[PDB]
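Let me begin by presenting the structure, written as structure tokens, before commenting on it.
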Amino acid sequence: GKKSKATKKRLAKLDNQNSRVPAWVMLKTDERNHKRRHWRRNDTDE
Amino acid sequence: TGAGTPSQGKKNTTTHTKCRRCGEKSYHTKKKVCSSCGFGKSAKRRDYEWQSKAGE
Amino acid sequence: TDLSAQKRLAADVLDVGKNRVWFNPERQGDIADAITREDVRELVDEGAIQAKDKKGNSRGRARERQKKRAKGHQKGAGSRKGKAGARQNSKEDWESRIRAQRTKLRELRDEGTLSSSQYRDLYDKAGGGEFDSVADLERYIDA
RNA sequence: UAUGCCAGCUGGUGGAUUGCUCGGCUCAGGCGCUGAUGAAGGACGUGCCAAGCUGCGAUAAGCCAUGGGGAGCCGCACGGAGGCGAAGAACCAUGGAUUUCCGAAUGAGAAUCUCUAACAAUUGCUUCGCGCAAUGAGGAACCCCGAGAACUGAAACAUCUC
RNA sequence: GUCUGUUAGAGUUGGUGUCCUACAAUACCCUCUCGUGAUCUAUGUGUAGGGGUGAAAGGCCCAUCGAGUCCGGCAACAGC
RNA sequence: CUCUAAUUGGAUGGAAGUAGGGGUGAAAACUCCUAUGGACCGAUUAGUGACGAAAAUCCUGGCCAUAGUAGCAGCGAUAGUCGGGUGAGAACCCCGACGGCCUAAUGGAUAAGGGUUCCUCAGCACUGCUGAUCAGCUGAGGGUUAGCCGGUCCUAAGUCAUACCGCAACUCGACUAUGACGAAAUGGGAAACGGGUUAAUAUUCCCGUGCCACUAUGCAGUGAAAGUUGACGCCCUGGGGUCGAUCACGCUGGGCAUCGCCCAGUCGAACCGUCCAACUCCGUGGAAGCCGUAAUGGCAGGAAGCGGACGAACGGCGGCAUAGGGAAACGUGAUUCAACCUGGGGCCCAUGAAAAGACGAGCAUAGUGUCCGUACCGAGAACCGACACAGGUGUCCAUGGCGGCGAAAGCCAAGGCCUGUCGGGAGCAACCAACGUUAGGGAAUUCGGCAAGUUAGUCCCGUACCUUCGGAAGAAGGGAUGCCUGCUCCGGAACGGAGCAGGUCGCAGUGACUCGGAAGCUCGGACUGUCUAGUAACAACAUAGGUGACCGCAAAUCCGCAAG
RNA sequence: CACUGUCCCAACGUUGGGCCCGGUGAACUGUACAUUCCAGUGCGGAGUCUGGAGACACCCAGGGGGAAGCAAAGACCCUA
RNA sequence: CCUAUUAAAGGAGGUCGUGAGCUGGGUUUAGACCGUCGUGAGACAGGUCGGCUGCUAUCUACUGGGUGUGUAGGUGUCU
RNA sequence: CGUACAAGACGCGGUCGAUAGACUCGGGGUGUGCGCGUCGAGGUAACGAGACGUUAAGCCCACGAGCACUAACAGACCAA
Ligand SMILES: [Cl-]
Ligand SMILES: [Mg+2]
Ligand SMILES: [Mg+2]
Ligand SMILES: [Mg+2]
Ligand SMILES: [Mg+2]
Ligand SMILES: [Mg+2]
Ligand SMILES: [Mg+2]
Ligand SMILES: [Mg+2]
Ligand SMILES: [Mg+2]
Ligand SMILES: [Mg+2]
Ligand SMILES: [Mg+2]
Ligand SMILES: [Mg+2]
Ligand SMILES: [Mg+2]
Ligand SMILES: [Mg+2]
Ligand SMILES: [Mg+2]
Ligand SMILES: [Mg+2]
Ligand SMILES: [Mg+2]
Ligand SMILES: [Mg+2]
Ligand code: NA
Ligand code: NA
Ligand code: NA
Ligand code: NA
Ligand code: NA
Ligand code: NA
Ligand SMILES: [Sr+2]
Ligand SMILES: [Sr+2]
Ligand SMILES: [Sr+2]
Ligand SMILES: [Sr+2]
Ligand SMILES: [Sr+2]
Ligand SMILES: [Sr+2]
Ligand SMILES: [Sr+2]
Ligand SMILES: [Sr+2]
Ligand SMILES: [Sr+2]
Ligand SMILES: [Sr+2]
Ligand SMILES: [Sr+2]
Ligand SMILES: [Sr+2]
Ligand SMILES: [Sr+2]
Ligand SMILES: [Sr+2]
Ligand SMILES: [Sr+2]
Ligand SMILES: [Sr+2]
Ligand SMILES: [Sr+2]
Ligand SMILES: [Sr+2]
Ligand SMILES: [Sr+2]
Ligand SMILES: [Sr+2]
Ligand SMILES: [Sr+2]
Ligand SMILES: [Sr+2]
Ligand SMILES: [Sr+2]
Ligand SMILES: [Sr+2]
Ligand SMILES: [Sr+2]
Ligand SMILES: [Sr+2]
Ligand SMILES: [Sr+2]
Ligand SMILES: [Sr+2]
Ligand SMILES: [Sr+2]
Ligand SMILES: [Sr+2]
Ligand SMILES: [Sr+2]
Ligand SMILES: [Sr+2]
């Protein structure tokens, strides 16, 4: 498929959004990314 | 040819997409109409009283 | 050690099918340390990395058979698999023959051997399939 | 006496129970419109490290003023580094600044982008020029004006009833 | 709208074979039928629910069809 | 049992709860002791109730037996083994050897769709039909570069917006105007090739070379819009012609070693220039039977011949190229010829798009050429099917070698793979799946020859009833078939085809593979075609043919509430 | 007509399972009890009642006689 | 019912034994035709072509094979 | 190692020994090897299907015998 500039920004965001919760946030909160996604098992919008 | 699995393989058409107006993946790019907020069909926002119980 | 990456890079530098690059069994360590295409070429130069030769089917046996058949052998009833019209296209064969007859008649006319009307008479006879071949035509011409 | 039955003991598994309540549910009083000066909503950004939430908008967890407040502070969030604060910070009230794109969405088009000056469209006034104005869309229900079922009850059913 | 043909491709007569907590909510194998035409096929496009579409089987309209799906009427009514 | 009130009590010198145990009550239940627990808990009276469960194929959660059981075998893709590397650990991660598997695909490039799955490093708790040091998994970084490839522009079926009108009304509705929208492989379309480079991009970066458009300036030019192009169906076919493949000989390199054979290479684009066959036409000529084709056909309305104008390739030739590429040589001829080019014929109750644009319409030099897409997969693990699913899923590579009619089988290259991913043992029993072979009999089996088998390619001889004269028909039936030596014929020739004479081996010569069993009678539907996606493919539906009905168009029939 | 393991009547063999071992590792089903058998009885179709008979426990493999086996609140029939 | 053999080619019960054994020809869904009946939908105690057969055995039962306990160190032969 | 066998079980031998394998004989299955020589229709020659000889040959054996060469070693344990 072909992606428009906007569709790319969105996919781009969904990629960055798919990260680990910073090691330090777990300390600061004295002990999970509930939105963690997988390209194969999940399905993004559009 | 079965209507089940065999016929699912043919599905790679894109219809519903992210809607510029409400953000829901309901903008039917072939109809150019958001089945969610009715963008592209109604200037007003798509509402319906049946979307909730009658006394609520 | 895992040399998969290098195998891929070497297949591109030696430019051959991945399945033809040879890595010296006693130099994995060095090949393992190869990171860049430059490292690979260097190793190619040393000979630690090489490309085996591609194969080419022998046509020697086919050639022998090709001769026997050109000589008219090995084409008996027991060797034919296709219908006669398939082994020789009839319309094609006719194009072959009739052109050879018309040419013949053309040379015999500009050569003065045949008058215009004699040529015409034979030409139309030829076009009507009166002659089996060029030799058959000449036989006829000799009255 | 093996395999094993019933009950208990010690330890698991499990998360009932008891205790606790940052959330609900209901009632009562008060108050009550927003939007072309582009709303509500959404997208995408935005932090030293930043995924979620919250906030904010290229001045981007903020900028300015007045008053309050006060030796502390840098949100949720108890980390590390570093910084700010007696030039009175944080924080609170009021007022102001900034306020990307899509969005009634209004120059034309478009799955939040693009293309070459724009009240698009419908109106009123009219210096008959978009010059001055209006409408559009949102809102928990309430309210006004129109369109208007059936299941159901009648122990069936058609008027009637719902 | 010819013939043969596992050319591509379309289909599916029989095995009532294999499978039947399957590889698969319609699959596998062999045999079989079509294969220049009313042919097959990709994408785009149109027709919408008492309505479509149907060389007609009540066939098909997203595993759903003698009236799709979703939510609402709704906590329908029942002497079972 | 909950909570409220009044009265009145207990608790860190240990409340509630829970576990085990003692006592009371017919009983619902009350109470004490010990352990645990670590902060709340009662009684009486009057109230308050979302107040008591063994049951509803009741609900939610948790858990056992089932069971160390089924599956991890079956698909025409049976795939591994011996050494070694790395590692704490190796059947399955990597190297080598040996052995295999895939050939319209298991190889190459892509559309949709996915969305980072791509590259690197570091890992193995998770994911993976076993293991794992591996990975589409985890952590951290990195990666997609365009005037000339798409988009963008054009219009297609058709869509929407505005206006107009309808509607009680609208987010609804048909027409008519206007505008816009509508084609990323696969409609039209200004222009790019070759090489080098990276871990991952690449006609995009780099090197070399080239081209197009617009604009500016200069020269030329007054022509400029008539016309041509874009721009087109199905069937048969001739000619030109490249890649490929093959044949001949030479050069470079490799292999094998009783022979003297076998393999690979021998390269080189866009672009610029130039050549032109066919079609059309003109001059000449003067055929009253000649010219021409594979075929049709052509001609005194002027044939052949001769000369001429116009005029083709993604093709030839020269440049491009003391560019590039190659270790080296760095060929020349030929045949058959995909692509591409250009003709001829036939067919239609069927007639095979439009628009933008281009040409028409010169040359120099310069400047400008923005914006968006660009990774990877594209599948027996990256898409859809809940899965790393034996299903489904578009395009092109249809010309690699032998084979043969062949884009068939079978075998083998280039390329890919051992991941249609658990293994180890037992001459490895019974039983099952899928197969091979079975003496004599030969359908006795069975509803039924179901299943299996028989036949089979090609050539020659030969071929009944019936018939719509097409057919039936490959009817049936019979014969041949290899190899070797030397030849004949057709053709320009083939590494094309058809035969002859002699020799000769086997049980068997279409030796495998490929590859019809045949005949008769009756019923039905004329035929090709359609259908119950998923138990029915048929005699059912369709069909041409036949017939009846309505209607002269301000019609008949039909949709809408209306505008239509 | 031809041919043949369809059959008389079965045999031998091949490949993959099956069996043993490492690893992985479900589901169906479960009121309870349960070593049964022959009779009888009982709502007339009993592992569980009665009377006898038999029965030392546990495990492996097997083909499936019974559990009116498991699966789906019978679709036939009647009734509303 | 019929034929040839035969000593004879008896009848019946076992959920009209036997589909977690087979088959699927008949019966008896959904398709279709004919006759008859019906205004019609459609029907038929008529005929006809086509039309599906799930499950890894827990218990019990039996066929075979083992490990234990009892009788109470061993080998061999018996009853 | 098999006179036995799906696990288990059963049977035999273990140097005081022919239990299994190697080797050699025997007994068997095929049917006359590679190479060389002669012949061979022909062909200038090259070449040549094939024939004869060497060859009762070559290849092969789930059987027997001989034979301690190799391996049944070394050795651990229960036990009134
Ligand atoms: Cl022609
Ligand atoms: Mg002909
Ligand atoms: Mg009623
Ligand atoms: Mg009191
Ligand atoms: Mg309760
Ligand atoms: Mg079991
Ligand atoms: Mg690449
Ligand atoms: Mg797989
Ligand atoms: Mg019989
Ligand atoms: Mg000749
Ligand atoms: Mg009859
Ligand atoms: Mg028919
Ligand atoms: Mg069907
Ligand atoms: Mg008709
Ligand atoms: Mg019975
Ligand atoms: Mg039974
Ligand atoms: Mg059954
Ligand atoms: Mg079963
Ligand atoms: Na996805
Ligand atoms: Na208020
Ligand atoms: Na105005
Ligand atoms: Na594996
Ligand atoms: Na070929
Ligand atoms: Na019964
Ligand atoms: Sr998926
Ligand atoms: Sr599709
Ligand atoms: Sr609209
Ligand atoms: Sr509404
Ligand atoms: Sr045909
Ligand atoms: Sr069938
Ligand atoms: Sr079969
Ligand atoms: Sr099935
Ligand atoms: Sr055919
Ligand atoms: Sr409801
Ligand atoms: Sr209750
Ligand atoms: Sr369990
Ligand atoms: Sr396997
Ligand atoms: Sr299978
Ligand atoms: Sr580990
Ligand atoms: Sr990878
Ligand atoms: Sr457009
Ligand atoms: Sr195109
Ligand atoms: Sr075509
Ligand atoms: Sr040609
Ligand atoms: Sr690419
Ligand atoms: Sr596939
Ligand atoms: Sr290969
Ligand atoms: Sr694996
Ligand atoms: Sr044999
Ligand atoms: Sr018979
Ligand atoms: Sr019979
Ligand atoms: Sr014959
Ligand atoms: Sr169909
Ligand atoms: Sr069994
Ligand atoms: Sr039947
Ligand atoms: Sr005892």
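By convention in this document, the chains of the structure tokens carry letters A, B, ... by their order, each chain's residues are numbered from 1, and ligands are numbered from 1 in the order they are shown.
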Hey, which bits of chain F sit within 10 Å of ligand 19, and for each residue what's the closest pair of atoms and how far apart in Å (one decimal), counting only C-alpha atoms (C1' of nucleotides) and all ligand atoms, rows by chain and increasing number, as a Markdown table?
```
| residue | atom | partner | partner_atom_place_in_ligand_line | distance |
| --- | --- | --- | --- | --- |
| F:113 | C1' | ligand 19 | 1 (Na) | 9.2 |
| F:114 | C1' | ligand 19 | 1 (Na) | 5.2 |
| F:115 | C1' | ligand 19 | 1 (Na) | 7.6 |
| F:117 | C1' | ligand 19 | 1 (Na) | 9.7 |
| F:382 | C1' | ligand 19 | 1 (Na) | 8.8 |
| F:383 | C1' | ligand 19 | 1 (Na) | 8.7 |
```
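DSSP secondary structure from the backbone places residues 21, 22, 23, 49, 50 and 51 of chain C of chain C in strand (DSSP E).
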Those residues you just picked out, can you put them in a file as a PDB file, in the first residue's frame with N, CA, C and O atoms?
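Final output, out.pdb:
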```pdb
ATOM      1  N   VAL C  21      28.901 -19.506  -2.059  1.00  0.00           N
ATOM      2  CA  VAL C  21      30.057 -18.940  -1.390  1.00  0.00           C
ATOM      3  C   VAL C  21      30.595 -19.967  -0.407  1.00  0.00           C
ATOM      4  O   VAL C  21      29.838 -20.631   0.295  1.00  0.00           O
ATOM      5  N   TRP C  22      31.917 -20.105  -0.401  1.00  0.00           N
ATOM      6  CA  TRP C  22      32.625 -21.041   0.453  1.00  0.00           C
ATOM      7  C   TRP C  22      33.440 -20.253   1.465  1.00  0.00           C
ATOM      8  O   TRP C  22      34.157 -19.317   1.104  1.00  0.00           O
ATOM      9  N   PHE C  23      33.303 -20.626   2.735  1.00  0.00           N
ATOM     10  CA  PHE C  23      34.034 -19.991   3.823  1.00  0.00           C
ATOM     11  C   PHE C  23      34.993 -21.034   4.358  1.00  0.00           C
ATOM     12  O   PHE C  23      34.576 -22.134   4.708  1.00  0.00           O
ATOM     13  N   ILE C  49      37.545 -16.691   1.581  1.00  0.00           N
ATOM     14  CA  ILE C  49      36.195 -16.672   1.047  1.00  0.00           C
ATOM     15  C   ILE C  49      36.291 -16.894  -0.460  1.00  0.00           C
ATOM     16  O   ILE C  49      37.039 -16.198  -1.145  1.00  0.00           O
ATOM     17  N   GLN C  50      35.533 -17.853  -0.978  1.00  0.00           N
ATOM     18  CA  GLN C  50      35.563 -18.141  -2.405  1.00  0.00           C
ATOM     19  C   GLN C  50      34.206 -18.553  -2.936  1.00  0.00           C
ATOM     20  O   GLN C  50      33.320 -18.947  -2.179  1.00  0.00           O
ATOM     21  N   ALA C  51      34.063 -18.488  -4.252  1.00  0.00           N
ATOM     22  CA  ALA C  51      32.824 -18.865  -4.902  1.00  0.00           C
ATOM     23  C   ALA C  51      33.024 -20.156  -5.687  1.00  0.00           C
ATOM     24  O   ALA C  51      33.922 -20.244  -6.521  1.00  0.00           O
TER      25      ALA C  51
END
```
**Message:** Using DSSP secondary structure from the backbone, list all alpha helix (DSSP H) positions within chain B, as JSON, numbers by chain.
**Reply:** {"B": [5, 6, 7, 8]}
Could you write out that same residue set with N, CA and C atoms as a PDB file, in the first residue's frame?
```pdb
ATOM      1  N   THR B   5     -13.868 -19.534   6.223  1.00  0.00           N
ATOM      2  CA  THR B   5     -12.435 -19.336   6.005  1.00  0.00           C
ATOM      3  C   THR B   5     -12.010 -19.075   4.554  1.00  0.00           C
ATOM      4  N   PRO B   6     -12.445 -19.923   3.613  1.00  0.00           N
ATOM      5  CA  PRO B   6     -12.048 -19.684   2.232  1.00  0.00           C
ATOM      6  C   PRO B   6     -12.319 -18.262   1.776  1.00  0.00           C
ATOM      7  N   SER B   7     -13.498 -17.739   2.111  1.00  0.00           N
ATOM      8  CA  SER B   7     -13.872 -16.396   1.696  1.00  0.00           C
ATOM      9  C   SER B   7     -13.279 -15.271   2.505  1.00  0.00           C
ATOM     10  N   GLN B   8     -12.562 -15.574   3.580  1.00  0.00           N
ATOM     11  CA  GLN B   8     -11.975 -14.494   4.373  1.00  0.00           C
ATOM     12  C   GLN B   8     -10.671 -14.063   3.726  1.00  0.00           C
TER      13      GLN B   8
END
```
Please identify the residues whose atoms come within 12 Å of ligand 22, using only C-alpha atoms (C1' of nucleotides) and all ligand atoms, and report them as a PDB file with C-alpha atoms (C1' of nucleotides), in the first residue's frame.
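What follows is the written file pocket_34.pdb:
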```pdb
ATOM      1  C1'   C F  72       3.714 -32.791  18.283  1.00  0.00           C
ATOM      2  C1'   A F  91      19.820 -33.192  17.299  1.00  0.00           C
ATOM      3  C1'   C F  92      17.614 -28.881  15.401  1.00  0.00           C
ATOM      4  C1'   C F  93      22.634 -21.321  15.960  1.00  0.00           C
ATOM      5  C1'   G F 128       8.238 -20.573  18.997  1.00  0.00           C
ATOM      6  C1'   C F 129       4.236 -27.967  18.393  1.00  0.00           C
ATOM      7  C1'   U F 130      10.663 -30.441  21.801  1.00  0.00           C
ATOM      8  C1'   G F 131      15.699 -27.592  22.769  1.00  0.00           C
ATOM      9  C1'   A F 132      18.033 -23.028  21.664  1.00  0.00           C
ATOM     10  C1'   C F 134      18.568 -18.935  17.250  1.00  0.00           C
ATOM     11  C1'   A F 135      14.530 -15.825  15.689  1.00  0.00           C
ATOM     12  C1'   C F 418      16.887 -29.024   4.527  1.00  0.00           C
ATOM     13  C1'   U F 419      11.485 -24.463   8.696  1.00  0.00           C
ATOM     14  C1'   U F 421      10.577 -27.553  12.247  1.00  0.00           C
ATOM     15  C1'   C F 422      10.326 -32.377  18.187  1.00  0.00           C
ATOM     16  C1'   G F 423      13.394 -36.272  18.763  1.00  0.00           C
TER      17        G F 423
END
```
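Residue-level contact on chain B: within 8 Å of chain E, counting only C-alpha atoms (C1' of nucleotides), the set is residues 1, 2, 3, 4, 5, 49, 50, 51, 52, 53 and 54 of chain B.
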Keeping only C-alpha atoms, write the selected residues as an mmCIF file, in the first residue's frame.
```
data_model
loop_
_atom_site.group_PDB
_atom_site.id
_atom_site.type_symbol
_atom_site.label_atom_id
_atom_site.label_comp_id
_atom_site.auth_asym_id
_atom_site.auth_seq_id
_atom_site.Cartn_x
_atom_site.Cartn_y
_atom_site.Cartn_z
ATOM 1 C CA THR B 1 -16.220 -22.482 -2.141
ATOM 2 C CA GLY B 2 -17.171 -22.106 1.519
ATOM 3 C CA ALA B 3 -18.469 -18.799 2.920
ATOM 4 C CA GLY B 4 -16.233 -19.106 5.976
ATOM 5 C CA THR B 5 -12.435 -19.336 6.005
ATOM 6 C CA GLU B 49 -31.737 8.511 21.270
ATOM 7 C CA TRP B 50 -31.562 4.737 20.860
ATOM 8 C CA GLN B 51 -27.844 4.874 21.657
ATOM 9 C CA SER B 52 -29.085 4.730 25.247
ATOM 10 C CA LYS B 53 -31.974 3.314 27.259
ATOM 11 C CA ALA B 54 -35.231 5.271 26.825
#
```
Could you list, as a PDB file with N, CA, C and O atoms (P, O5', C5', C4', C3', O3' and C1' of nucleotides), in the first residue's frame, all the residues within 10 Å of ligand 42, counting only C-alpha atoms (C1' of nucleotides) and all ligand atoms?
```pdb
ATOM      1  P     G F 150       6.570   6.299 -14.151  1.00  0.00           P
ATOM      2  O5'   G F 150       5.681   5.708 -12.994  1.00  0.00           O
ATOM      3  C5'   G F 150       4.642   6.467 -12.477  1.00  0.00           C
ATOM      4  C4'   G F 150       4.235   5.934 -11.152  1.00  0.00           C
ATOM      5  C3'   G F 150       3.276   6.900 -10.526  1.00  0.00           C
ATOM      6  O3'   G F 150       2.008   6.663 -11.058  1.00  0.00           O
ATOM      7  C1'   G F 150       4.985   6.429  -8.993  1.00  0.00           C
ATOM      8  P     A F 183      -8.780   7.979  -8.227  1.00  0.00           P
ATOM      9  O5'   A F 183      -8.292   6.900  -9.293  1.00  0.00           O
ATOM     10  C5'   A F 183      -8.498   5.501  -9.070  1.00  0.00           C
ATOM     11  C4'   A F 183      -7.799   4.686 -10.132  1.00  0.00           C
ATOM     12  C3'   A F 183      -6.350   5.052 -10.451  1.00  0.00           C
ATOM     13  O3'   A F 183      -5.586   3.858 -10.580  1.00  0.00           O
ATOM     14  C1'   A F 183      -7.632   4.980 -12.437  1.00  0.00           C
ATOM     15  P     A F 184      -4.824   3.251  -9.301  1.00  0.00           P
ATOM     16  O5'   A F 184      -3.601   4.234  -9.028  1.00  0.00           O
ATOM     17  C5'   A F 184      -2.620   4.499 -10.042  1.00  0.00           C
ATOM     18  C4'   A F 184      -1.243   4.116  -9.555  1.00  0.00           C
ATOM     19  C3'   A F 184      -1.081   2.699  -9.006  1.00  0.00           C
ATOM     20  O3'   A F 184       0.222   2.237  -9.345  1.00  0.00           O
ATOM     21  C1'   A F 184      -0.283   4.246  -7.440  1.00  0.00           C
ATOM     22  P     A F 185       0.569   1.818 -10.849  1.00  0.00           P
ATOM     23  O5'   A F 185       0.679   0.230 -10.780  1.00  0.00           O
ATOM     24  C5'   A F 185       1.923  -0.416 -10.452  1.00  0.00           C
ATOM     25  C4'   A F 185       1.806  -1.907 -10.653  1.00  0.00           C
ATOM     26  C3'   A F 185       1.197  -2.374 -11.971  1.00  0.00           C
ATOM     27  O3'   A F 185       2.192  -2.471 -12.971  1.00  0.00           O
ATOM     28  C1'   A F 185       0.260  -3.594 -10.163  1.00  0.00           C
ATOM     29  P     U F 186       1.821  -2.228 -14.514  1.00  0.00           P
ATOM     30  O5'   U F 186       0.250  -2.467 -14.673  1.00  0.00           O
ATOM     31  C5'   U F 186      -0.344  -2.439 -15.997  1.00  0.00           C
ATOM     32  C4'   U F 186      -1.837  -2.153 -15.949  1.00  0.00           C
ATOM     33  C3'   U F 186      -2.366  -1.030 -15.054  1.00  0.00           C
ATOM     34  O3'   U F 186      -3.343  -0.305 -15.799  1.00  0.00           O
ATOM     35  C1'   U F 186      -3.632  -2.983 -14.721  1.00  0.00           C
ATOM     36  P     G F 187      -2.880   0.885 -16.764  1.00  0.00           P
ATOM     37  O5'   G F 187      -4.191   1.311 -17.555  1.00  0.00           O
ATOM     38  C5'   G F 187      -4.686   0.533 -18.642  1.00  0.00           C
ATOM     39  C4'   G F 187      -5.518   1.404 -19.529  1.00  0.00           C
ATOM     40  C3'   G F 187      -4.790   2.654 -19.988  1.00  0.00           C
ATOM     41  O3'   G F 187      -4.032   2.413 -21.172  1.00  0.00           O
ATOM     42  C1'   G F 187      -6.842   3.266 -18.989  1.00  0.00           C
ATOM     43  P     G F 188      -2.570   3.075 -21.340  1.00  0.00           P
ATOM     44  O5'   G F 188      -2.875   4.615 -21.593  1.00  0.00           O
ATOM     45  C5'   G F 188      -3.619   5.038 -22.732  1.00  0.00           C
ATOM     46  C4'   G F 188      -3.845   6.530 -22.679  1.00  0.00           C
ATOM     47  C3'   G F 188      -2.620   7.413 -22.496  1.00  0.00           C
ATOM     48  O3'   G F 188      -1.950   7.692 -23.710  1.00  0.00           O
ATOM     49  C1'   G F 188      -4.323   8.125 -21.036  1.00  0.00           C
ATOM     50  P     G F 189      -0.353   7.830 -23.716  1.00  0.00           P
ATOM     51  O5'   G F 189      -0.039   9.034 -22.714  1.00  0.00           O
ATOM     52  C5'   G F 189      -0.360  10.403 -23.035  1.00  0.00           C
ATOM     53  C4'   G F 189       0.108  11.311 -21.919  1.00  0.00           C
ATOM     54  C3'   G F 189       1.626  11.413 -21.731  1.00  0.00           C
ATOM     55  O3'   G F 189       1.956  12.676 -21.151  1.00  0.00           O
ATOM     56  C1'   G F 189       0.640  10.455 -19.806  1.00  0.00           C
TER      57        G F 189
END
```
**Message:** as a PyMOL selection string, could you give me every residue of chain D near chain B (at most 12 Å apart, counting only C-alpha atoms (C1' of nucleotides))?
**Reply:** chain D and resi 40-44+101-105+110-113+136-138+140-141
**Message:** Between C1' of residue 416 in chain F and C1' of residue 198 in chain F, what distance in Å does the model show, to one decimal?
**Reply:**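 Separation between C1' of residue 416 in chain F and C1' of residue 198 in chain F: 24.7 Å.
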For chain B versus ligand 26, which residues have an atom no more than 7 Å away, and what is each residue's nearest atom pair and distance in Å rounded to one decimal, using only C-alpha atoms and all ligand atoms, chain-then-number order, as CSV?
```
residue,atom,partner,partner_atom_place_in_ligand_line,distance
B:10,CA,ligand 26,1 (Sr),4.5
B:11,CA,ligand 26,1 (Sr),5.1
B:12,CA,ligand 26,1 (Sr),5.2
B:13,CA,ligand 26,1 (Sr),5.8
```
Just the selected residues (N, CA and C atoms), exported as a PDB file, in the first residue's frame, please.
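Ended up saving to again-v8.pdb:
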```pdb
ATOM      1  N   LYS B  10     -10.043 -13.355   0.759  1.00  0.00           N
ATOM      2  CA  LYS B  10     -10.209 -12.337  -0.262  1.00  0.00           C
ATOM      3  C   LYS B  10     -10.353 -10.940   0.308  1.00  0.00           C
ATOM      4  N   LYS B  11     -10.330 -10.812   1.623  1.00  0.00           N
ATOM      5  CA  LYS B  11     -10.532  -9.511   2.233  1.00  0.00           C
ATOM      6  C   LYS B  11      -9.295  -8.657   2.463  1.00  0.00           C
ATOM      7  N   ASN B  12      -9.024  -7.755   1.532  1.00  0.00           N
ATOM      8  CA  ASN B  12      -7.878  -6.860   1.673  1.00  0.00           C
ATOM      9  C   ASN B  12      -8.238  -5.489   1.138  1.00  0.00           C
ATOM     10  N   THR B  13      -9.530  -5.186   1.169  1.00  0.00           N
ATOM     11  CA  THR B  13     -10.033  -3.912   0.709  1.00  0.00           C
ATOM     12  C   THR B  13     -10.085  -2.980   1.898  1.00  0.00           C
TER      13      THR B  13
END
```
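Taking CA of residue 129 in chain C and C1' of residue 461 in chain F as the two end points, the separation is 27.1 Å.
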**Request:** Kindly compile the residues surrounding ligand 24 within 12 Å, counting only C-alpha atoms (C1' of nucleotides) and all ligand atoms, and format them as a PyMOL selection string.
**Result:** (chain G and resi 45+68) or (chain H and resi 15-19)
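A distance cut-off of 10 Å from ligand 25, applied to only C-alpha atoms (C1' of nucleotides) and all ligand atoms, picks out the residues residues 39, 40, 41, 42 and 43 of chain A; 114, 382, 383, 384, 385, 386, 387, 388 and 389 of chain F.
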Grab the residues selected above and save them as a PDB file, in the first residue's frame with C-alpha atoms (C1' of nucleotides).
```pdb
ATOM      1  CA  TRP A  39       2.567  -5.702  14.486  1.00  0.00           C
ATOM      2  CA  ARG A  40       1.389  -9.270  13.998  1.00  0.00           C
ATOM      3  CA  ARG A  41      -0.889  -9.930  16.966  1.00  0.00           C
ATOM      4  CA  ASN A  42      -2.550  -6.542  17.002  1.00  0.00           C
ATOM      5  CA  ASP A  43      -4.169  -4.282  14.442  1.00  0.00           C
TER       6      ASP A  43
ATOM      7  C1'   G F 114       0.388  -5.230   7.214  1.00  0.00           C
ATOM      8  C1'   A F 382       5.186 -10.458   8.019  1.00  0.00           C
ATOM      9  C1'   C F 383      -1.870 -10.152   4.102  1.00  0.00           C
ATOM     10  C1'   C F 384      -7.529 -12.278   5.570  1.00  0.00           C
ATOM     11  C1'   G F 385      -9.042 -16.547   8.047  1.00  0.00           C
ATOM     12  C1'   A F 386      -8.953 -15.769  16.798  1.00  0.00           C
ATOM     13  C1'   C F 387      -2.652 -19.127  15.417  1.00  0.00           C
ATOM     14  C1'   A F 388       4.259 -18.931  13.109  1.00  0.00           C
ATOM     15  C1'   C F 389      -3.712 -22.107  10.131  1.00  0.00           C
TER      16        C F 389
END
```
**Item:** Cut-off 10 Å, only C-alpha atoms (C1' of nucleotides) and all ligand atoms, neighbours of ligand 9 as a PyMOL selection string
**Value:** chain F and resi 444-446
